[PDB]
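Input: a single structure, listed below in structure tokens.
Read the figures in this text as sums done on the coordinates, not as results from a lab. In this analysis, Cβ positions are derived from the backbone assuming ideal geometry, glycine residues included, and neighbour counts consider all displayed protein chains.
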Amino acid sequence: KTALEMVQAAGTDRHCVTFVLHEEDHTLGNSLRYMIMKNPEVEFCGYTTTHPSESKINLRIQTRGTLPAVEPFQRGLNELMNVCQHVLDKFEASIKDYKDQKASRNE
Amino acid sequence: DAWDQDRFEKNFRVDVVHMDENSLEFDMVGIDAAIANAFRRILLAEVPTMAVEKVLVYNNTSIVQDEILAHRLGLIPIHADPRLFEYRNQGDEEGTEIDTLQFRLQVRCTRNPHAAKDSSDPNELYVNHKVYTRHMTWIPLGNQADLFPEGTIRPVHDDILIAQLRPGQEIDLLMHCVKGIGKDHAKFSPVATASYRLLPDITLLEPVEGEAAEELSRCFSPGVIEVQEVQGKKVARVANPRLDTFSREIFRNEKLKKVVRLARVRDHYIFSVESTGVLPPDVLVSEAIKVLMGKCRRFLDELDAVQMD
Amino acid sequence: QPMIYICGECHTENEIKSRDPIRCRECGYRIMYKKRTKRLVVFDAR
Amino acid sequence: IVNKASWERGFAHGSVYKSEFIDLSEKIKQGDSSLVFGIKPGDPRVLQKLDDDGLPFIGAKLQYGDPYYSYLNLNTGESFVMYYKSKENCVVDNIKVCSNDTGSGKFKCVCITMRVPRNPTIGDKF
Amino acid sequence: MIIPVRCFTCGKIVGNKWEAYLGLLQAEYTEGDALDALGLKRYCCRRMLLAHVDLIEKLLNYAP
Ligand SMILES: [Zn+2]
Ligand SMILES: [Zn+2]
């Protein structure tokens with residue numbers, strides 16, 4: 001019933017793990033790939049969809065300098081939430097400053 | 001370079017250009033293509049709506065069939081707010097107050113007695129011969145008469161030609177609206193089309209004068225290059241490079257493909273969100289930003305449930 | 001009721017019982033369609 | 001490659017109209033030629049799936065293994081049944097009852113016309 | 001047969017623009033101005049209403 005699997009490199013290596021994100025596509029995995037690549041503790045972050053008939057993405061996160069790849073994945077999720085909350089705030093504050101000039105101009 | 005959050009909270013701005021009913025056009029300065037495409041692709045296929053799923057016929061004695069009528073009804077925008085409703089749980093044909101809506105399209109067609117002498121105009125000869133979408137009686141079920149006003153659960157347009165009838169010919173069906181996203185079936189998509197484009201910059205590398213400026217003003221879309229007089233000569237300058245359709249017609253001209261540098265401006269998108277009317281376009285974009293967040297919340301919840309330590 | 005049938009050219013509701021000559025009882029045209037009644041068929045809108 | 005949304009909105013939707021001309025003396029032939037379409041009252045095979053005269057309903061969806069017509073030898077009463085032996089899902093569209101060239105033929109010829117929807121699936125050619 | 005409720009390419013409701021397009025062509029507009037003045041700006045939306053053979057006014061003549 002869960003919707004994230006983690007597939008290690010050799011059962012012991014925790015730097016490379018390929019996250020299998022169930023019920024996603026290039027909507028999330030292209031913007032996660034954008035955030036995790038902004039982390040200088042990542043040698044390699046890329047994604048692929050497994051097969052278009054399927055509904056999951058593979059996400060290879062490959063960390064240099066002794067970190068597990070759960071930390072760039074969590075940081076790239078929170079660091080995308082903190083993009084979208086701010087985009088939501090500056091969008092709900094420019095719709096409001098447009099309705100407050102459509103109305104309060106000549107009416 | 002790393003992700004400076006105060007470089008994003010300093011160089012991001014949404015500039016709304018034109019917003020009215022069932023349309024919106026705005027900017028997003030300073031955002032890369034991987035988040036902008038995520039917003040576009042959640043507007044088209046992941047922001048949910050209500051749409052007709054099951055049709056219950058009795059006496060479809062019409063030329064429009066029993067199947068094409070049902071598919072044609074499913075593509076009709078229903079003006080119920082999606083967020084008040086849940087997904088109908090699977091394997092449940094009968095619905096309840098939370099999941100389903102019901103309409104009823106009951107139209108008979110009978111000959112017109114009056115105002116019909118020696119004419120052939122069809123409105124004067126028949127009554128109910130164009131089944132429009134204002135013929136859908138909302139049959140409220142359970143306790144939905146109290147949650148919603150009299151005349152809010154409604155087809156959006158009320159001018160859509162469903163069928164076309166003749167005397168004797170009847171439609172008596174009943175519908176069941178459900179909730180879904182625009183990936184299960186594209187009758188659930190709330191947007192006409194949501195799309196973005198970069199902002200063009202047109203740079204005159206050389207001062208154009210005289211008979212070449214009027215040639216340059218017609219190689220772009222009407223509105224871009226204005227040709228105004230400055231001491232006897234007709235110089236040309238750029239003016240609203242946003243209007244340029246980027247058709248590259250100036251690179252067909254040999255004398256003037258060396259006096260423009262037609263390119264684009266990085267990360268200066270211009271969206272355009274046209275709704276089908278189910279929700280206004282400023283709530284579709286907010287409920288497109290608020291679905292990418294939920295996709296990011298669900299996976300952090302999964303990681304919190306996986307590791308205990 | 002018996003099953004209503006409709007003639008092709010004069011449109012009379014003829015009620016063909018199973019033991020008669022099939023013909024329309026006004027004009028006599030031989031092809032006779034069948035009348036659609038009320039029953040529930042469920043079609044998906046997909 | 002076809003856009004899926006455009007397919008779901010109605011791009012090249014169609015139909016195909018199977019029409020089976022059923023006679024009960026050119027195909028089924030044992031003796032006395034008393035084969036009229038009919039039901040015996042109280043037959044579990046045709047309960048609420050065929051009409052009260054032996055032909056199917058109009059608008060009724062049919063699948064593989066549904067009753068399709070039921071006819072009645074009037075000499076004894078032994079009503080038979082025949083089942084819909086095709087693969088695809090069909091909808092009964094109109095049912096024309098045909099006499100002979102005079103107009104005194106007995107109720108033993110019919111020509112059931114059936115819609116089959118047949119949208120673009122993968123493997124259909126443009 | 002009858003006008004589609006939505007344009008095939010992008011899902012714009014064009015299914016309400018058939019009577020108010022015959023009404024503009026009966027009132028002497030050109031088709032290059034009876035489509036812009038209905039708000040069909042993309043050439044996939046214009047396509048649905050310009051090249052449409054409404055083949056149900058010919059099919060209802062065969063009516064009981
Ligand atoms: Zn007759
Ligand atoms: Zn279109």
### Query
Say we join alpha carbon atoms closer than 10 Å with springs in a Gaussian network model of chain B; which of B:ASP146, B:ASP184, B:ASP32 then has the biggest fluctuation?
B:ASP146
### Query
For chain A, modelled as a Gaussian network with Cα springs under 10 Å, which listed residue fluctuates most, A:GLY11, A:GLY29, A:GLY46?
A:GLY11
### Summary
In order over region A:13-30: 3J(HN,Hα) from phi, Karplus 6.51/-1.76/1.60, θ = phi - 60°, whole Hz, x for each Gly or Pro, gives 6, 10, 6, 7, 9, 9, 6, 9, 9, 6, 6, 9, 7, 6, 6, 9, x, 8
### Task
Would you tally the net charge around A:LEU32, using a Cβ to Cβ cut-off of less than 15 Å, leaving A:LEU32 out, and scoring K and R as +1, D and E as -1?
+2
### Summary
With +1 at each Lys and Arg Cβ and -1 at each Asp and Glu Cβ, the charge dipole magnitude of chain E around its Cα centre, to the nearest 20 debye, comes out at 400
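Which residues make up the longest stretch of chain D that has no GluC sites (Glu not before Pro) in a DSSP loop with at most 11 other Cβ atoms within 10 Å?
My reading of the result: D:27-77 is the longest stretch.
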### Task
Positive end of the charge dipole of chain C (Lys, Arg +1 and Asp, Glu -1 on Cβ, about the Cα centre): tell me which of C:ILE31, C:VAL41, C:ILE6 has its Cα farthest that way.
C:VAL41
#### Entry: Calculated diffusion of region B:36-121, Stokes-Einstein form, Kirkwood radius summed over Cα pairs, 25 °C and 0.890 mPa s, µm²/s
145
### Query
Each residue of region A:75-85 in turn: what ³J(HN,Hα) in whole Hz from Karplus with 6.51, -1.76, 1.60 and θ = phi - 60°, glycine and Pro shown as x?
5, x, 6, 5, 7, 9, 4, 6, 7, 5, 5
### Task
Specify whether the C-alpha gyration tensor of chain B places it in the rounded, prolate or oblate class, a ≥ b ≥ c being the square roots of the eigenvalues: rounded for a/c under 1.5, otherwise prolate if a/b is larger than b/c and oblate if not.
oblate
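Just how large is the dipole of chain A about the Cα centre, in debye to the nearest 20, putting +1 at every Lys and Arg Cβ and -1 at every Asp and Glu Cβ?
Dipole of chain A, to the nearest 20 debye: 160 debye.
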### Query
Net charge near A:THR50, counting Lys/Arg +1 and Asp/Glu -1 over other residues with Cβ under 13 Å of its Cβ?
-3
### Message
Checking the table B:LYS130/E:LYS17; D:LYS87/D:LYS125; B:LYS117/C:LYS35; C:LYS34/D:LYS106 against a 23 Å threshold on Cα-Cα, which pairs fail?
### Response
B:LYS117/C:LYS35
### Query
Say the cut-off is 30 Å between C-alpha atoms; which of A:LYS102/B:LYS179; D:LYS18/D:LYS49; D:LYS61/E:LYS12 go over it?
A:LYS102/B:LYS179; D:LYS61/E:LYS12
### Query
Say each of D:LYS49 and A:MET6 gets a label point 7 Å from the Cα, pointing the same way as Cα to Cβ; how far apart are those two points in nm?
5.5
### Query
What's the exposure ranking of D:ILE95, A:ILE61, D:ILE1, going from fewest to most Cβ atoms within 10 Å?
D:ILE1, D:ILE95, A:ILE61
### Query
Taking amide H positions as placed 1.01 Å from N in the peptide plane, with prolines and chain starts having none, which residues 5 or more places from A:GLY46, or on another chain, fall under 5 Å of its amide H?
A:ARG60
### Task
Divide by every residue of chain D the summed helix terms, -39500 (n - 2.57) for each DSSP H run of at least 4, and state the resulting mean residue ellipticity at 222 nm, rounded to the nearest 500 deg cm²/dmol.
-1000 deg cm²/dmol
### Query
Do the sum for chain B: with -39,500 (n - 2.57) for every DSSP H run of n ≥ 4, divided by all residues, what is the mean residue ellipticity at 222 nm, to the nearest 500 deg cm²/dmol?
-6500 deg cm²/dmol
### Task
Name the residues whose placed amide hydrogens come within less than 5 Å of the amide hydrogen of B:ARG264, ignoring near sequence neighbours (fewer than 5 apart) on the same chain.
B:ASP201
#### Entry: Sequence of E:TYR43, A:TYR34 once ranked by neighbouring C-beta atoms within 10 Å, starting from the fewest
E:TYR43, A:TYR34
### Message
Let me spell out the model: positive unit charges on the Cβ of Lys and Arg, negative unit charges on the Cβ of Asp and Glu, origin at the Cα centre of chain C. What dipole size does that give, in debye rounded to 20?
### Response
200
### Message
Considering the Cα positions of the protein assembly as shown, please state its Rg to one decimal place and its Dmax as a whole number of Å.
### Response
32.1, 112
#### Entry: Added length on full extension, which subtracts the Cα-Cα distance from 0.36 nm per residue, A:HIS86 to A:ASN106
4.0 nm
### Query
Of B:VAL265, B:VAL224, how do they rank once you tally other Cβ atoms within 10 Å and put the fewest first?
B:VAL265, B:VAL224
#### Entry: Label-point separation in nm, D:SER104 to B:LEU147, each point 7 Å along Cα→Cβ
6.8
## Note on the structure
Note, region B:292-304: 3J(HN,Hα) by Karplus (6.51, -1.76, 1.60, θ = phi - 60°), whole Hz, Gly/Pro = x, goes 4, 5, x, 5, 7, 6, 5, 7, 5, 5, 5, 5, 5
### Query
When chain B is modelled as a GNM with alpha-carbon springs shorter than 10 Å, which of B:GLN144, B:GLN231, B:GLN106 fluctuates the most?
B:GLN231
### Query
Thinking of chain C as a set of Cα atoms, what percent of all their pairs are more than 17 Å apart?
40
### Summary
Quick calc of log₁₀ I(q)/I(0), chain E, Debye, one scatterer on every Cα, no solvent, q values 0.12, 0.22, 0.23 1/Å, result -0.31, -0.90, -0.96
